[PDB]
Amino acid sequence: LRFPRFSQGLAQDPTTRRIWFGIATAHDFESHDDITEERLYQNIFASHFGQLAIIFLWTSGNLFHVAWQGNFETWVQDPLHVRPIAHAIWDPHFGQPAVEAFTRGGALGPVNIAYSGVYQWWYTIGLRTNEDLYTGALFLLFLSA
Amino acid sequence: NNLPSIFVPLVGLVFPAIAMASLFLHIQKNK
Amino acid sequence: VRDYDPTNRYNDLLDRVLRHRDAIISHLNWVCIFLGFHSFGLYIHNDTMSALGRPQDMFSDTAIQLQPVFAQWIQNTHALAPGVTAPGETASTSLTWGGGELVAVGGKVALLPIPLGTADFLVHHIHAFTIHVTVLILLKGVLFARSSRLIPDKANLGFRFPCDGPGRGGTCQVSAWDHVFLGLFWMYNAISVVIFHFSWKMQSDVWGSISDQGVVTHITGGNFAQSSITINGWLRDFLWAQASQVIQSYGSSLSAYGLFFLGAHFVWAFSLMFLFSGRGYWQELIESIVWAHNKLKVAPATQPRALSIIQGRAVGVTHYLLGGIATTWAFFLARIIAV
Amino acid sequence: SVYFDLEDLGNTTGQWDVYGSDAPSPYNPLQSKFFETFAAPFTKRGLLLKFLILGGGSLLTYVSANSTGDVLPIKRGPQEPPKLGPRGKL
Amino acid sequence: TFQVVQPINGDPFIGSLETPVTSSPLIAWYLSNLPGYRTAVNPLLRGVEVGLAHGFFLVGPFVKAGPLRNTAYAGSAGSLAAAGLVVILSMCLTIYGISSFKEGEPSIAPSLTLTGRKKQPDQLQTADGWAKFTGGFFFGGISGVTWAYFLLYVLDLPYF
Amino acid sequence: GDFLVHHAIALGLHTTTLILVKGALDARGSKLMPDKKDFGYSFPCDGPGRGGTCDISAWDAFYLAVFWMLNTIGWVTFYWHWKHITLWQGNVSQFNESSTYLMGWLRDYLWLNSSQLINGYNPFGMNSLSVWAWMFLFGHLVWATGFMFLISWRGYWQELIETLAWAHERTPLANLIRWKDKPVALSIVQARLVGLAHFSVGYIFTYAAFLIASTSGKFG
Amino acid sequence: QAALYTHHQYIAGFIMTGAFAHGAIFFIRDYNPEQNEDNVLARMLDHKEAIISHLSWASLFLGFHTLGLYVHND
Amino acid sequence: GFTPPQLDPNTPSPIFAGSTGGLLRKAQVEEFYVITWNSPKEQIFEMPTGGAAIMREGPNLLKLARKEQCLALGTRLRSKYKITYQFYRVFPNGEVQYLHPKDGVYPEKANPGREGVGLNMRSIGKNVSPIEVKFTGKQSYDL
Amino acid sequence: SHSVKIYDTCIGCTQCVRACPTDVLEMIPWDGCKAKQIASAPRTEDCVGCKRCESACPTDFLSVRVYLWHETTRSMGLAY
Amino acid sequence: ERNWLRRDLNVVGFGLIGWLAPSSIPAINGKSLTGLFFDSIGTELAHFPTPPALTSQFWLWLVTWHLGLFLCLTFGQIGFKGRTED
Ligand code: CLA
Ligand code: CLA
Ligand code: CLA
Ligand code: CLA
Ligand SMILES: CC1=C(/C=C/C(C)=C/C=C/C(C)=C/C=C/C=C(C)/C=C/C=C(C)/C=C/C2=C(C)CCCC2(C)C)C(C)(C)CCC1
Ligand SMILES: CC1=C(C/C=C(\C)CCC[C@H](C)CCC[C@H](C)CCCC(C)C)C(=O)c2ccccc2C1=O
Ligand SMILES: CC1=C(C/C=C(\C)CCC[C@H](C)CCC[C@H](C)CCCC(C)C)C(=O)c2ccccc2C1=O
Ligand code: SF4
């Protein structure tokens, strides 16, 4: 046996089709070798847990980056005349005009302007300082764990 | 800060190389 | 496929070609890959460098020159031919060789020397790449018509057959007819690139109006040299700018070209239904339609059938070519009649 | 005209060495003792992979981290005041 | 009548042909003397030669076409990039050798010459031989890059 | 114009539903293939016999409905974006007059609103919209690359790969290296998925770049 | 606003395609004709031709007349 | 009551100039095929690998890389030249397996003594549903 | 190897066994049809999956069926 | 596969002489093609190592001379070898 572990038919393919089809059939538990109903249900349960962990990590990352590199406290005072910042840019391929052009908002370097509307959502529910976002990110990291 | 000068190369050049080498060794293995 | 018979019509030159076809096809494959990498890749490098804010790292007449010195030598040789290598001639064969004279008729420029630079190098290598790929598809199709390592008995199946089934991993498009079907698309690509090059170069460097003091104002103002070295330049200064004539032609005598523009767009897009789909779906769909015709006693005695695999391929390619060529035709005529 | 043999399948299947050479070593013997001494640490395939990975990881991040603004335009930073966006935005 | 092209080794049922490009005496002599085809030599020594030759070459393109070509740091940056590429190639060679060869197995190189004489199969096709080759190649490549940088930017030789 | 575009939306919804429902109901068999249930959910064809049987599985019915879904959502989003752009600029009469003919759409929505986006970088410099123009071209390239896998099918490519094996095995200094998996062309169903992923990614990236660039250039 | 609208509409379209895909997969892998005799689920397979033909008629009618009106206006 | 023919290695081969469609590393590592036939005169025939060859009068021997190539050549021989043929699979170890005609009688002629393999004693519409073989190693067919 | 199955609706035409590009199929004696014959499939390790046999069967629905399955070197038609 | 050219080095001298003899006739306004090529060679060595310019006449003379020389060499080889095979 070899990759894939869950397919005796695929594991004996002498061509490059073994890898491609090994990748594409990983999550089809019903067609794996020596599969039962109980194992199927338990695998589905574990996969759902993993999906929830990924979602919590994603939200925590968004919050941490907005708190660390954004302009949330400046945007709060004058919402209609400030551009929200998603995160910072660090690209060694950039030229000097590119460094100057992307320096917008109130930042000291190149940044990205956020268009996901997280600033308005967080301002509406009562978050006002960068300390709140850090606490939220820590709580979501704990939830993912 | 100076952290992006480390983590961006770490995630773009080192981790991909390690992962690709390990994955190739795994998929090429036989017994 | 049909008339080849070595038992009564043996020829040594044709026999020897068929005995080393693998080397020919592999060498042509490598040449095509090399030309594609070293011709189109230079355009992507230019686009990336321009987007990053580094115009000094581009392949251009100002940063990194790629001069076509072989064509310039030929131009110089042809410009100095009269009196040295063609004593009986008074002037050169053409005004484009670079003699330096200008011919103007009725306030317009007829012909004048055509300079060559970095952009011409790139576009000429693009032409070479496209022609080589087309020659690959057609020559592979001719050389493997009778047999191959995949299907030893291919000559018994004929010249125009769809496949030899889902076996051997799958055998769609193995006949010689399919190699012509695939080479039509590459011929279209190459000719489109050639005619675009001709149009932009003529409008930028040759055609224009001449004043009393002797100053030439070209149609587009000589932007070919600096704008054509990027794909964004072709999208912006050629397709976006020069399509304003055809999209503003409604309400005037040129509205027929405006209508044909959209009609050819529709015809081109309509061909993708036949190219991306397969026969079994449409034959299954017809079965349901025939059911309701039987209900009302209007079922024809000539049983409806879906198109064959070859017929569908042919319809798709025909509609694809018609739409594309008609679109370009309307665009060119509407642009050039107005200006 | 017999190209098939059962006792010898090396010639039948064409297992020939087209360009291989059996001539002895042409390098100087003292020169050979130098390289067989000093290249020897790198000849263990288990250690070489780890060494290369660790060295590449450490060297790349160190060069990146202490790079100056005369090499990287992004380490230097902007040098001009910013311009306002549309609708009078920052 | 004289004919130039002949089947490979006289067997018309093997998928190759013998042409002046493949079997010319000058071409045959030239290829047999390259390090990759010296089957009777320690793989370390062939690897050292290959590494030296390949590392020496790589400096030029990186130095001349690099992003810092028009600055005072052209040579150092180019040499460092060449060394990095050599390191990556060494990693690739090590990975290939680990994947392909198993410890304790005999060599898989052919043991028959074109004239039918029996020969000792090449030891480069074993795990130990490939490991020695890779370790020689790395040491050779680093040495060649360093030599090229030294010649170009420590001695003011009248190049170009 | 709202009337016409609403009926276009209805046409798109009905056609997509037709394709998906026909795929779901004919999954267990039909007149052309009575025993389709014995071959699974996904399989290439039943060969060239009985007139030819390309795309006869339910998976192929799903594969053909993604193109119609993308078309319908594109129409919906084009309608929404043009209406709101004209509303925000304060010139709703432009949409009212120019939305009753297709040349009006092509000229006053796509051509007119793409001027700033295609000027992100030019021979005179660059600005903050450079990345969006680059993504515009990237999406165009990825979309067109999908047509290769959709128009050209397997048996052309397996014959082409067979010559490269000979070329590698006959090349000096390179035949010392050999593969472990024998190289082959992609399968019949693989190329449908690979073509369709390229088509969707190009569609999404191109429209996202155009929308964001056009809105943010004018209103920030 | 435009980004949020486009994002959610495209996601909804993909989800709607997936629903029908998994319905077909159910009909292939899990359906049992004997346990489902003559119920609502089984009677749908009986008259699939009528449903498909009426969907075809609706699509053809809409497409014909919408395209005709647009081309007339052009 | 049939003893398969032995393979005579000293059989001469047809006159051929060589081609690029011959054997490769698979023949060295895996099996390859040999086809033999008897000819009444010298004549020209088309090689399945591309080109043309002259067959000798008397016994003939040929190596090929696939079972499809040698059965394509044998079909051509029997259809056009009216010639009988045999073919074998040769392993790198040295074992020769006789393959065809197998009985000495060709497959299209019904011959007593042949066993039935893969016969399902029902019509194709009587196969069970996939639900009835779920979570087992079997298929709807071969059941 | 692929799976090739025969059903008792076979009429003994021989057309499937004449069509196969590799020797997979053969005729055996039988009783149940006028021809007193049925196809047999003894050598399915040599099947390439071409379906030439199914194009040749005159029965309303095929008395020979091919189900594609695990792929090997022989079933892929590789001469590398 | 060896000695594929059927080496006969008398061809090199015969071809060279049979090109240099007619090409030395001064029918070009009192000058010969060989003479023009040799004068061009002499002129471009006065600024060694700077290469000839794009507008120099050296390249034309080089190509035209070597075309005839290669034709003479090839036809000499074909004639010498073909006498024994036909
Ligand atoms: C825009 C879409 C598109 C693109 C990019 C290609 C590209 C190609 N086609 Mg093609 N084709 C297309 C559409 C397209 N086709 C369509 C619609 C059809 C009709 C069905 C065909 C039909 C067709 C046929 C019939 C054949 C090809 C062949 C080829 C290849 C030519 C050889 C070569 O190296 O070219 C140059 C390659 C490129 C320009 C692609 C590279 C793009 C640049 C250089 C980016 C490079 C990135 C770099 C590697 C780093 C990336 C790393 C990563 C981590 C980011 C080339 C890959 C031929 C072939 O197989 O090769 C001979 C061939 O026979 N095509
Ligand atoms: C007299 C001929 C005739 C009649 C009575 C019908 C009647 C019908 N067709 Mg129909 N059809 C016909 C010819 C005909 N068709 C032809 C020739 C085609 C091929 C182009 C079709 C293709 C077709 C499709 C694809 C569909 C129908 C459908 C339908 C039904 C919906 C009503 C409708 O108008 O659909 C619209 C019908 C059309 C747009 C057909 C075009 C009209 C043609 C040009 C008329 C030709 C008449 C013919 C030449 C008679 C000559 C008479 C002369 C000898 C004296 C209806 C029962 C639909 C249905 O319910 O599905 C089952 C459906 O989806 N038809
Ligand atoms: C996403 C991750 C990522 C990162 C962080 C970089 C970073 C970089 N790229 Mg890059 N690149 C990437 C992805 C990435 N690239 C991809 C996906 C492509 C394919 C399209 C490219 C294609 C590309 C090209 C074509 C070029 C770069 C260049 C560069 C360098 C910018 C110029 C410079 O500082 O020269 C200064 C250079 C030096 C000081 C020497 C090299 C730096 C170290 C010391 C090399 C040795 C490191 C180590 C020994 C080897 C790696 C270890 C391994 C574990 C990773 C910079 C280090 C340019 C360059 O100069 O590269 C050499 C260049 O020409 N890149
Ligand atoms: C722009 C391209 C395009 C167009 C116009 C269509 C149009 C259509 N598709 Mg479609 N499709 C396309 C692309 C396209 N598709 C693509 C890319 C795919 C993915 C592969 C599909 C997949 C697809 C499926 C899966 C299905 C359709 C179906 C349909 C039809 C239902 C819509 C309707 O009401 O008819 C609109 C009516 C017309 C277009 C009629 C115009 C008639 C004019 C008058 C013709 C004039 C003839 C000529 C000028 C006169 C003779 C001159 C001579 C030179 C010819 C419709 C014909 C469905 C179908 O056929 O079932 C009902 C169906 O099930 N399509
Ligand atoms: C109160 C009110 C109202 C109401 C409304 C309503 C009543 C609505 C409805 C709605 C609806 C009513 C909707 C619906 C929908 C549906 C759908 C969307 C469907 C789908 C389906 C599917 C997807 C399927 C699947 C499947 C198959 C195919 C087979 C197997 C089974 C299954 C199920 C899996 C109004 C507004 C008037 C007014 C105001 C008030
Ligand atoms: C749309 C489509 C069809 C369906 C198209 C069909 C059936 C073609 C025939 C359509 C015309 C309109 C039939 C005309 C019939 C009569 C001539 C009508 C006479 C009445 C008046 C018009 C005079 C296929 O059959 C097909 C097959 C293989 C690959 C792709 C496709 C494909 O894409
Ligand atoms: C181009 C083409 C090929 C040939 C293409 C091949 C063999 C490409 C193979 C992959 C190469 C090596 C490029 C891989 C690029 C990926 C970005 C790398 C892997 C990414 C991972 C995430 C998997 C087919 O095999 C084919 C088969 C059937 C119908 C159409 C086609 C078809 O159009
Ligand atoms: S029917 Fe279509 S998909 Fe099937 S093998 Fe033939 S061409 Fe390929």
Side-chain angles (χ1 to χ4, degrees), chain C residues 162 172 181 269-320, chain F residues 13-28 32 45 48 51-56 58 60-62 64-65 67 69 150-151 153, chain G residues 12-32 36 39-45 47-65 68:
Chain C
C172 309
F181 156 80
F270 180 72
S271 74
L272 306 183
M273 171 165 58
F274 295 80
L275 294 174
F276 297 175
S277 72
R279 187 180 187 281
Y281 173 88
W282 298 101
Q283 188 57 71
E284 277 185 306
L285 175 66
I286 286 169
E287 287 166 22
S288 301
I289 293 158
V290 173
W291 170 92
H293 281 70
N294 270 315
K295 200 74 169 180
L296 295 177
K297 307 178 183 178
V298 285
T302 308
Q303 317 202 49
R305 295 306 200 230
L307 306 180
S308 82
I309 298 162
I310 296 293
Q311 161 147 35
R313 285 175 191 161
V315 174
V317 74
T318 306
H319 284 69
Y320 191 104
Chain F
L13 290 194
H14 274 73
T15 311
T16 321
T17 300
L18 162 64
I19 303 164
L20 283 166
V21 162
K22 186 250 170 183
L25 282 170
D26 273 347
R28 287 172 73 85
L32 185 54
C45 63
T53 63
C54 307
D55 299 24
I56 204 169
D60 299 287
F62 153 83
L64 289 165
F67 299 102
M69 181 275 278
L150 298 172
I151 302 176
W153 299 358
Chain G
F14 272 106
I15 294 171
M16 282 294 325
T17 46
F20 281 96
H22 272 283
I25 304 168
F26 151 77
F27 257 131
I28 290 167
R29 280 186 177 177
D30 292 333
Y31 180 70
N32 196 339
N36 293 279
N39 68 351
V40 284
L41 188 62
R43 288 167 87 96
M44 295 291 307
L45 289 172
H47 67 285
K48 55 176 178 160
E49 292 97 4
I51 302 159
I52 291 161
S53 43
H54 281 76
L55 266 167
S56 309
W57 174 84
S59 307
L60 283 170
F61 175 82
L62 283 162
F64 273 143
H65 290 88

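Note on naming: letters A, B, ... go to the chains in the order of the sequence lines (proteins, then strands), and numbering restarts at 1 for each one. We count ligands from 1, going down the list as the structure has it; atoms in each ligand are counted the same way.
G/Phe64 CE1, 4.1 Å is the protein heavy atom nearest to atom 39 (C) of ligand 2. Closest protein heavy atom to atom 59 (C) of ligand 2: G/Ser53 O, 4.1 Å. The protein heavy-atom contact nearest to atom 21 (C) of ligand 5 is G/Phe20 CZ, 4.2 Å. At the shortest separation from atom 23 (C) of ligand 2 among protein heavy atoms lies C/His293 CE1, 4.4 Å. The single protein non-hydrogen atom nearest to atom 63 (C) of ligand 2 is G/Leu60 CD1, 3.8 Å, given as residue, atom name and distance. The protein heavy atom nearest to atom 26 (C) of ligand 5 is G/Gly23 CA, 4.0 Å. Protein heavy atom nearest atom 18 (C) of ligand 5, with residue, atom name and distance: G/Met16 CE, 4.1 Å. Residue, atom and distance of the protein heavy atom nearest to atom 62 (C) of ligand 2 are C/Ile289 O, 3.3 Å. Remark: minimum distance from atom 58 (C) of ligand 2 to any protein heavy atom is reached at G/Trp57 CB, 4.6 Å. Residue, atom and distance of the protein heavy atom nearest to atom 5 (C) of ligand 2 are C/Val298 CG1, 4.1 Å.
Distance remark: protein heavy atom not present below 4.0 angstrom from atom 11 (C) of ligand 6. Distances from atom 10 (C) of ligand 5 to the protein include no heavy-atom value under 4.0 Å. Put simply, atom 16 (C) of ligand 6 has no protein non-hydrogen atoms near it, under 4.0 Å away. In this structure, atom 2 (C) of ligand 6 has a protein heavy-atom contact shorter than 4.0 Å. Within the 4.0 Å cut-off (strictly below), a protein heavy atom is located near atom 32 (C) of ligand 6. Shown here, atom 26 (C) of ligand 6 is in close reach of the protein: a heavy atom of it lies under 4.0 Å off.
For the residue pair F/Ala58 and F/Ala27, the shortest heavy atom distance occurs at CB-CB, 4.2 Å. Closest non-hydrogen pair, C/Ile309 versus F/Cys54, comes out as CD1-SG, 3.9 Å. Minimum interatomic distance between F/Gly23 and G/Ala24 (heavy atoms only, all atoms of both residues): O-CB, 4.4 Å.
Counting heavy atoms only, C/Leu307 comes closest to atom 8 (C) of ligand 6 of the residues F/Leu64, C/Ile309, C/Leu307, C/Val315.
Formation of a donor-acceptor pair under 3.5 Å by the G/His22 side chain with backbone atoms of G/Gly18 is not found in this model. Using a distance-only test at 3.5 Å, with no hydrogens or angles considered, no donor-acceptor pair links the side chain of G/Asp30 to the main chain of G/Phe26. With hydrogens and angles disregarded, no donor-acceptor distance shorter than 3.5 Å links the side chain of C/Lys295 to the backbone of G/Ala50. Not a single donor-acceptor pair under 3.5 Å links the side chain of C/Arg313 to the backbone N or O of C/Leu275.
In this structure the side chain of F/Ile56 reaches within 4.5 angstrom of the side chain of C/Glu284, judged on heavy atoms. Looking at C/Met273 and F/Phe67, their side chains never come closer than 4.5 Å, going by heavy atoms from C-beta outward.
Those atoms of ligand 5 with a heavy atom of G/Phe26 less than 4.0 angstrom away are 30 (C). For ligand 2, the atoms closer than 4.0 angstrom to any heavy atom of C/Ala292 are 62 (C). Here is the list of ligand 5 atoms found below 4.0 Å of a heavy atom in G/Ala19: 23 (C). With ligand atoms numbered from 1 in the order given, ligand 5 contributes 29 (C) to contacts under 4.0 Å with heavy atoms of G/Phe27. The distance from ligand 6 to the heavy atoms of C/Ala306 drops below 4.0 Å at these ligand atoms: 25 (O). Of all atoms in ligand 2, listed by their number and element, those nearer than 4.0 Å to a heavy atom of C/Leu296 are 57 (C). When each atom of ligand 2 is checked for a heavy atom of G/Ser56 under 4.0 Å away, the hits are 64 (O). Within ligand 6, the atoms closer than 4.0 Å to a non-hydrogen atom of C/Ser277 are 30 (C), 33 (O), numbered from 1 in the order shown.
No more than 12 heavy atoms of other residues, nucleotides or ligands shown are found within 6.0 angstrom of CZ on F/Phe62.
Rounding to the nearest 0.5 Å gives a distance of 11.5 Å between OG1 of F/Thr16 and CG of F/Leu64. Atom CD of C/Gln303 sits about 11.5 Å away from atom CD1 of C/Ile286, to the nearest 0.5 Å. The CZ atom of G/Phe27 sits 4.0 Å away from the CG atom of G/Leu45 when rounded to the nearest 0.5 Å.
Proximity of C/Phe274 to ligand 6, defined as any heavy-atom pair under 4.0 Å, is shared by backbone and side chain alike.
With hydrogens and angles left out, the side-chain atoms of G/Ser53 and C/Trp291 include no donor and acceptor closer than 3.5 Å.
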